[PDB]
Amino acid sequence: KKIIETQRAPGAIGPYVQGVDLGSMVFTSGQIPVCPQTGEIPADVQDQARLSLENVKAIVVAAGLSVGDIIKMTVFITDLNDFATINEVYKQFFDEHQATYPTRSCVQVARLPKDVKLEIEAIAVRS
């Protein structure tokens, strides 16, 4: 049960840690497209998708793991019109790390913290 803390993901606002490392398994919090330095949210969905993804990556790498060890994601979205765009980014993100795609759920919710267009949580394994 080790806590994960990285400056390459946005710092914890409220009463949660960025990640927890259980030994075999790493769980991230839901990541939103907040810039870890500036605290800013990009306006385009394609930039939001990339930034949530990077924020997930940061926590997983801080645990000593890679993109390729992510086995499950959930993508919470606010607008299905954004779906093909989010998918393209999500695909390029995995391809660039030469990593097979995780398992995945994807649901459109009513609203997300800070009115972002998406939120991504992950589960990675050590081997």
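Note that residue numbering follows the sequence shown and begins at 1.
Visitor: Please compare 8-16 with 114-122 and name the stretch with the higher mean C-alpha B-factor in the deposited structure.
Guide: Looking at the record's C-alpha B-factors, the answer is 8-16.
Visitor: Mind pulling up the entry and telling me whether 29-37 or 70-78 has the higher mean Cα temperature factor?
Guide: Mean CA B-factor is higher for 29-37.
Visitor: Split into thirds by Cα B-factor across the chain's modelled residues, where does residue 102 land: lowest, middle or highest?
Guide: Ranked within chain, residue 102 CA B lands in the lowest tercile.
Visitor: If you rank every modelled residue in this chain by C-alpha B factor, which third holds residue 84: lowest, middle or highest?
Guide: Highest third, going by the recorded CA B-factors of the chain.
Visitor: Should residue 55 be placed in the lowest, middle or highest third of its chain by the C-alpha B factor in the entry?
Guide: Its C-alpha B-factor, which the entry lists for residue 55, ranks in the lowest third among residues of this chain.
Visitor: Looking at the entry's B-factor column for C-alpha atoms only, identify whether residue 62 ranks in the lowest, middle or highest third of its chain.
Guide: As the PDB entry reports it, the C-alpha B-factor of residue 62 lands in the middle third of its chain.
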